[PDB]
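Novice: So I pulled this structure from the PDB, and the sequence comes with it:
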Amino acid sequence: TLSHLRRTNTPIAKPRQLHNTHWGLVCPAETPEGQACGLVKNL
Amino acid sequence: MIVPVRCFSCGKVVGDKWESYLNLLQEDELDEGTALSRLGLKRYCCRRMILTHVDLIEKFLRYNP
Amino acid sequence: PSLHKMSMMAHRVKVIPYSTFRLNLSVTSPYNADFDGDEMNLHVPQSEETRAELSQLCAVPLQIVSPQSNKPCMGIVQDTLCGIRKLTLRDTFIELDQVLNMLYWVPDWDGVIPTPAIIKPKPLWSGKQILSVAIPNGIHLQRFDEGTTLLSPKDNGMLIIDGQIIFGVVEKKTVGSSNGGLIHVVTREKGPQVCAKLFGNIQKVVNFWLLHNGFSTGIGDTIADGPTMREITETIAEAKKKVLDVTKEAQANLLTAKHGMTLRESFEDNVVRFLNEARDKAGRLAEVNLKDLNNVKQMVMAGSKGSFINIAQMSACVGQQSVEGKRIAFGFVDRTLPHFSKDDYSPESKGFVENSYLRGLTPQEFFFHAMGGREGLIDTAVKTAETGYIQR
Amino acid sequence: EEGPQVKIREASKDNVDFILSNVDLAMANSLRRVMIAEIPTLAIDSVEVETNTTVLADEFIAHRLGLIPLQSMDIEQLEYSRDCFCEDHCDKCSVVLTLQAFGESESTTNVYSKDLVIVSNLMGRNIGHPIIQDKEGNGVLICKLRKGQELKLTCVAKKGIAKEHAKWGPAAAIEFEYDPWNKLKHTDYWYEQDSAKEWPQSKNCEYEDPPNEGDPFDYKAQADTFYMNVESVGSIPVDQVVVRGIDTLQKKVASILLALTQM
Amino acid sequence: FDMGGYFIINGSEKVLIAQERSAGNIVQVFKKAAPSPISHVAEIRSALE
Amino acid sequence: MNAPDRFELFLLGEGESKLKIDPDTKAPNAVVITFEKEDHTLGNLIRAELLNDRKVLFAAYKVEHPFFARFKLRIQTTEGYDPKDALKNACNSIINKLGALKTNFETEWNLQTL
Amino acid sequence: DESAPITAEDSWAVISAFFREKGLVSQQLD
Amino acid sequence: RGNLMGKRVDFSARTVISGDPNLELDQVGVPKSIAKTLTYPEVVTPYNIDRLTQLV
Amino acid sequence: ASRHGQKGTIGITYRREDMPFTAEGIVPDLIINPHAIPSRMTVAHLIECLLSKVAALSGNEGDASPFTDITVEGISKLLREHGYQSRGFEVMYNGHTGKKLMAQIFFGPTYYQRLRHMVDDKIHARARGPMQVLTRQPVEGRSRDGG
Amino acid sequence: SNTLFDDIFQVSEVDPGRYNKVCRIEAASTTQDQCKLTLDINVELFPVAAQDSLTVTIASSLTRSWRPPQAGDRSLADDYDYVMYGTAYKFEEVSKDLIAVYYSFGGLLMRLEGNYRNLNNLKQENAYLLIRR
Amino acid sequence: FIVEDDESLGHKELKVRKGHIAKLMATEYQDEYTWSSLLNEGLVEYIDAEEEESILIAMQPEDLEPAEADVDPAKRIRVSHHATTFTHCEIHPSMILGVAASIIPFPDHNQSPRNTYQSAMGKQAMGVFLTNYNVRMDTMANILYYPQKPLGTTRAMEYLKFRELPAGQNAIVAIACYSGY
RNA sequence: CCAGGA
Ligand SMILES: [Mg+2]
Ligand SMILES: [Zn+2]
Ligand SMILES: [Zn+2]
C-alpha cells in the first residue's frame, strides 16, 4: 500500500537507466522487470 | 496476532508464557534475553516464538462490535 | 516459450497426489524450467495414431542427443552433479552397510556384491567402484585433462573401461550435457532407452549417498584468510596508485595517444584495464587461499553452480561498474555525484567498487553498482521481445 | 543387568537426561523417531461453534484448541473412534470439552485452557484434563474478548498419533548426540585454521576419553553410547515418553512377526 | 495505521499515479543528427503556469 | 486439494497386507519383502539387525518414493537358511533388546528423586 | 556542551522528526 | 494467426511444476485431479472389454 | 521467498522425524539448496541468518541496517559467546538413520515471506468444454473453464 | 589360483596432496635395482612412513559375488597386513626387457616397473595386492 | 543538513549540534521542537536536483568533518573528508532507498538486482495489511495467522510501521542438500 | 485497458 502511494509513471533519450540525478530522490532498486523497467520510478 | 500455543519448530507450549514474559519486562524491568531464559525458553526456535511475536489482537479489540 | 523441438516432449503419465506436475531434474534444461513458480502445459493425444506419433518420435529418451549442436541436451545437474564429485574422490570410501543400500537402490542391479577395493583391515568400497554399478557394460571412455598421465596423479580426466571407472573424478565434463560425455557415448552406444535409465540410476545412487553425507554452504565459505585480506587490500592499493600515476601523466600532457584514439579514450582504456587486472588478481588470491573444504569452491569444482568471478566478487573485490561500456559518467556537471569534487577521474568517482559483498558497499559504491545493475535488467527486459520476433 | 543399558543424568516433570550404552545407533534413532511420531495422545479434533463474537476466526480458534495439551495418562484405555463401534463418537472413544466465555468486564476478558470443562463421562480414567504447567494456574491463552464478545463452543477430543497431526506429538525437542570427540570420523570438520579451536567442545566430552593424538585411527570402532534428552509437553510424563516409546517400537516389531505368522 | 492519500470512488480506493513530464519554459540545445540540413536546435517548451 | 489423507501413512488400505514377500529372481536364496504403511523407523532398524546375523549375506531397504509409506527390504541368506526365518530372528532379537532397555530404564528411573 | 558536534546515531533523531511531521504520503496530501 | 495458426484446445491442462529425484527421466507426475479430468477415448475391443467395463 | 530475491515453491513437506536435526534437538522449518547462493551472490541472506541466530539467543533486535559498522566478524564473535560455532555451522544428524552428517549445515533463523502465488489457485485441466460463439473454439482462461 | 609377484621394497616418499585419507607411495625393490613402485594406499587404515620395508605380493586368487563373515573358519589367504583388489588397465613397454603394469583398486592407482614377470602378470580384473610389515 | 565554515571554534561544522538533538528527543518523549523548528532555525534545507548541481555533500557528519592529526580489517574500505568546501551533509545515506528496498536487510551485501527483485516480491508477501480487516468488504483479502517481526531489521522500518504490521515469519532455515526435493 | 506471474 505504502509503495503504491509513492509510484511514478513516465509515458513513452535513455530513460530506463538509473541517472546520477536520481540520487536521494528515487529508489535505485524499486523498479519493475520487463516493459516498464526503469519507466516506473519509486520515491 | 495472539501468542502461538506451541513453538512451530519443536512444539514446546509457549501459549502460557506470554503474559508472564510481558510481566518480567514491565514489573521486573528485565531485558528480553533474560526473561525468555527465565521462562525456560532455551532453544532459539522457542526463543524466536515469543521474542518476535506481534500481539495484533490488542488493536483488534479496540473496535466496538 | 517453445523455441525448441525439445520444448514439447512426450512423457509417460504417473498419476500422483498434490497439485503440481512433477518432472525428472535432468529434463529441466531442454524445457528451460526451474521451480521458482513456473507452470507447464500438458496435451493428451486422442487416437492410437497420435499416441504412436508421441511415443515413437518425440519421447524424452529420443530427444537426449539433439541435432542443435550434435551433442546431449540433458545431463546430470545440481545435487546429483555436486554429489557425484564428492562421491568419486580417492578419499571417499563406503562401509558395507551403506554399500548394500546404495546397491539395492539401482533398479537393474545384477544382485552381485562387487569385491571391495579394500579387503582387510576392514572391507571398504570406493565411490568410483559403487558408482560404476550404474555404468552399463561395454561403455568405453577416455579423457585427458591438463596433466593427465595413465597414473592420473591429480585424479584428472576420465577412464571408464567396460562400464567401470578406472580413474578420475566424475563431474560436468564427464556426466554433464557435454560433447564427449558419458551420456553422449551411452545414447549412441547402448540406445536412448538405456541412456534414459542411466540418468535415473546415476541419480538414485548419488542423491541417496549425498542424503547421508549432507552438503551445505555458509558465510564462512565467503570468508578469506587474515593475511590474504591484507594481500588483497595491498593489491588494490598498488593498482590505485598505478591509476593516479597515469592520471598525473595525462594532466601533465605527457600521455601519447594510441593511433586511432582520443588522448582521453586512450587514458580511460588504461585506467579500466588496470582496475580489472586488479579485481581479477584480488579474486585469484582468495580462490587460491580457499581450501578444498570450501563449499563454494566444491560447487565450482563439480560445475554444479558458480564460477571464478562469483568467488572473486563475494570474497575479495566487486570491481569496476559500467554503463554503455564506459565507467559511471558525469550525470551532474563535471562529477558523478554531489559528494565529489569536479573533474574527478579517480576509480572511486567513476564507479570502482573496491569492497567484497562480504565487506559491504559504501553509499557511492552502492548507487554505482545500482546504475550498472539496472543496465542488465533493461536489456533482459528488451532483448526478450526483439529475440522473440527474430525467432518468428 | 542384560542387553542395552541406561544411566539417567537428570530428571524433572519436563525433562529426562540419560546415557544409552550397549545399543545400535539404528535402535537409538528408531526409538527417537517413535517418541516424536508414534506415541498416542488425546487432543481436540472436532470443534462445533455455537457463537463467536471475537476478533478471531472460527477455524483460527479451532486450530489452537487442537494444540492445547490434554491429560493422556490413561490414553491406553480409550479407543480410537475409527476402531470404536458407535456412530461418530462416544465415551469409549472420546472426551467432550465445553467452553463458554463472555466479556462481562470493561477490561479485556481472557480465555484460557483452564476455562475448558469436561462434559463427557470419564469412566474414572486420567484423561482430557487441560495440562496446566502455568505458575498462576491458567494454562494456554486461547482468546481475548472485550465487552459483548461471547465465545460458545464444543470440543471432541480423540486418541491419535503425531503422524496424523503434530498436535498428538507428546514430546518437544529430543536431544541426541554420540562420540563428542569425533573418534568415529563420522564428520569432516569445516574450519579456517583449527577445527579443535573453531568448533565448541560438547558437554558430553567429559563423559568420554579424549582420543590422544599419538594413536592410530580405530576403524574397528563402532557407535554405542548415546547422550539423549527427552522433553515432555504434558500429555504424558517424561518417563512414559521413553517407556511408551520403547513399547510402541516393540509392538510395531511384533506386528511384523505376527504378519509373517498369518502368512 | 491507514495513511490516506487515496480517494474513494463509487466504493473503490483510487491512487492518483504521479505523472513524469519534462519541465516547461526551458531552453535546451540539441545537435540534430548526421543526415540533417539543420546542425543544432535551441528549443523552448513555453507554457503558462 | 490433491492432498492425501493423513491416516494413509499408517492405516492399511482396503485389501492390502502389511507384508508382501516376493522372491528375488536375479539371486539364489534371496527375497523381497514390501512393508505397507511403514517408514525408516522400522526399515533401518530391521536392516541393521539382519546385518548382525552371520548367516545373512545381503540386507538393504529402500523407500522408493516419499509420497508413499512403504518400503522394500531385500534379504539374501546362506543356502539352507530361509530369509523369512532370518527376518523372524532379527525381529525377535530387536524385541528382546527393547525389553531389556525398558526394564533397565524403569529400574534407573525409580532410583531418581525428581 | 549543547553546542557539541552531532554523532552518527543522532541523524536518526532528525529522521524521526521528519516522519513525525510529514508522514509517508506527505506529497499526495500536500 | 490467432484462430488458425494457433488455436485454444481441449485435452489440455496446466499447473505449477516441481522436481522429483524419484521420477524416471521420461515420466511426468500428474496430479490425481488432472488425471480425473483429462480423458482418452478407448474403443471397446475383446482385449480391453473387461477392464474398460470396470473403469466404467 | 526471503528478503533477498531468493524465491521458490515447496517441493515436499517432511515430518519432524524425517528432518535433519541438531544434537540440541532443533530441526529446520525450511530446507533451501546450497546451489542458490553462489551464482546469485546474495551474501546478505547468509549475514541475515547469522545475525538472526545471535538475535534469537541474545534477545536483542538484530540491526541489519545498510551502511553500518557491523561486520560478519563482529556477529561471529557474539555467536561464539553463545556456544555455537562462530560461522553459523552446526553439526547435523540424518533424520532417517540418526547418523551424523559428514557435512555441517549452515543453520539459523531467516525471515521468509509467504507469496500470493499458491498452486491450488493455479492448477487447471480441461477436456471438452465451453466454446466461443463466433469462432466456435474453446473459451479463454481458467476462470471460464477455458482450454 | 596362485601367486604372480613377490618382493620386498623400501619406501622413498609418501604423498597426501590434498587427500586426507589416501597417499601415493614411492618405493624401490631391495633385491632388484631395475624394480620400482608407485602406489595409492589408505593410510588411515594402514599407515606408511618413508624407509619402511614392505613385502608386496600379487596373486590372481585368494569371481562371482562377495561374502562377508564365515572367514573365521575360512582360510584367510592373508598372512599380510593390508589387502586390495583391482584391475590391470595398461601394459607399458618401457624399452629393453623393461615393462610397467598399471593397477586400479577402485581409483587407488598403482604402477610397477621391472622386467622378469612376463610369465606372470596379465590384463585381468582378478589381481589382489597384499602388503606386510 | 547545512554545514558552515562558520564556527568561531575550529573548522567548517554542521549547524545542528547535540543540544538540538536532545531538544528533539525531549519532544520524542512527550509522545515543542518539530522538523519545522530545524527548518526555520536554518539547520536543514530542501534541495532539488538543479540546486544539487552547485552544492558539495558529506556522507557521514562525524567521520567526514575533523582532519587527521590500528584500523579494523573487517569493516568496508572508506574514502575521506579532504573537502574544506562542504556546504551540506547527508542526513542518512540509507534514505536514498524507497519503501520496499528499506525492508531489505544488509542491501549493501547483495548483488544489485537481487535487491531489485525483493523490491517487487515483498509487494506480494502476505501479512496484516490494516488492523480493520474484519470490518471491510474488499474483493480478496489475505491475512497471515501468526505474523512475526523480523529478527534482522532496518532502522528505516521504524517509520515504515513494519514491525507493527509484518509480511512474514522468522523460519528456522537449513541451507542443505537433503533428499534432492 | 490496468495490474501481475515464468
Ligand atoms: Mg523460473
Ligand atoms: Zn522450539
Ligand atoms: Zn465410540
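Specialist: That came in fine, so what should we check first? Numbering: from 1, shown residues only, chains lettered A, B, ... in the order given. Ligands and ions are numbered 1, 2, ... in the order given.
Novice: so, in contact with ligand 2 or not, the helix or strand where residue I:44 lies?
Specialist: Element membership of residue I:44 [criterion: DSSP states H and E] is helix I:43-58. No - judged by CB under 5 Å from the ion, helix I:43-58 stays clear of ligand 2, getting no closer than 10.6 Å. Where you see a C-beta, it was placed from the backbone N, CA and C, and this is true even at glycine.
Novice: Please name every helix or strand in contact with the helix or strand following that helix.
Specialist: For helix I:43-58, the following helix or strand on the C-terminal side (DSSP H and E) is strand I:62-63. Using 3 or more CB pairs under 8 Å, 6 or more residues apart in numbering or on different chains; DSSP states H and E, the elements in contact with strand I:62-63 are helix I:43-58, strand K:152-153.
Novice: Extract the C-alpha trace of the first one and format it as CSV.
Specialist: Just to be clear, that refers to helix I:43-58. Only the C-alpha atoms of helix I:43-58 are listed here, as CSV (Å, rounded to 0.1, in the frame of the first residue of the first chain):
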residue,chain,number,x,y,z
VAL,I,43,25.7,-12.5,0.8
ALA,I,44,23.2,-10.5,3.0
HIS,I,45,21.0,-13.7,3.1
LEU,I,46,23.8,-15.6,4.9
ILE,I,47,24.5,-12.5,7.2
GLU,I,48,20.7,-12.0,7.9
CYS,I,49,20.8,-15.6,9.2
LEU,I,50,24.0,-15.4,11.3
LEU,I,51,22.7,-12.1,12.9
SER,I,52,19.2,-13.5,13.4
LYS,I,53,20.7,-16.6,15.2
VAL,I,54,22.6,-14.2,17.6
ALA,I,55,19.4,-12.0,17.9
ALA,I,56,17.3,-15.1,18.8
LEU,I,57,19.7,-16.2,21.6
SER,I,58,20.6,-12.7,22.8
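Novice: That helix near chain C at all?
Specialist: Yes - judged by CB under 8 Å from any CB of the partner chain, helix I:43-58 and chain C are in contact via I:43, I:44, I:46, I:47, I:49, I:50.
Novice: quick one: contacts for residue D:7?
Specialist: Residues counted as contacts of residue D:7 (CB atoms under 8 Å, 6 or more residues apart in numbering or on different chains) are D:18, D:19, D:21, F:108.
Novice: Tell me the secondary structure at the second one.
Specialist: In three-state terms, and counting by DSSP: H, G, I helix; E, B strand; the rest coil, residue D:19 is strand.
Novice: What is the burial count for it?
Specialist: Using other CB atoms under 10 Å in any protein chain shown, the number of residues around residue D:19 comes to 16.
Novice: ok, it - contacts?
Specialist: For residue D:19, the residues meeting the contact criterion (CB under 8 Å, 6+ apart) are D:6, D:7, D:9, D:207, D:225, D:226, D:227, D:228.
Novice: measure the third one to residue D:206 for me?
Specialist: From residue D:9 across to residue D:206, the span is 11 Å (CB to CB, to the nearest Å).
Novice: follow-up on the earlier one: now, of the contacts of residue D:19, which are buried?
Specialist: Of the members of the contacts of residue D:19, the ones counted as buried by neighbours, 16 or more other CB atoms under 10 Å in any protein chain shown, are D:6, D:9, D:225, D:226, D:227, D:228.
Novice: Just want the phi and psi numbers for the third one.
Specialist: The phi and psi torsions at residue D:225 (degrees, to the nearest 10) take the values phi 80, psi 100.
Novice: What of the last one?
Specialist: The phi and psi values for residue D:228, taken as degrees, to the nearest 10, are phi -120, psi 160.
Novice: so it touches residue D:171, yeah?
Specialist: No - the criterion here is CB atoms under 8 Å, and residue D:228 misses it with residue D:171 at 11.4 Å.
Novice: residues contacting residue 14?
Specialist: With no chain named, the answer covers chain A. By CB under 8 Å, 6+ apart, the residues touching residue A:14 are residue C:324.
Novice: nope, chain G
Specialist: Taking CB under 8 Å, 6+ apart as the definition, contacts of residue G:14 comprise K:1, K:16, K:21, K:24, K:35, K:38, K:44, K:91.
Novice: And what about it, helix, strand or coil?
Specialist: Residue G:14 falls in the helix class when you classify it by three-state DSSP.
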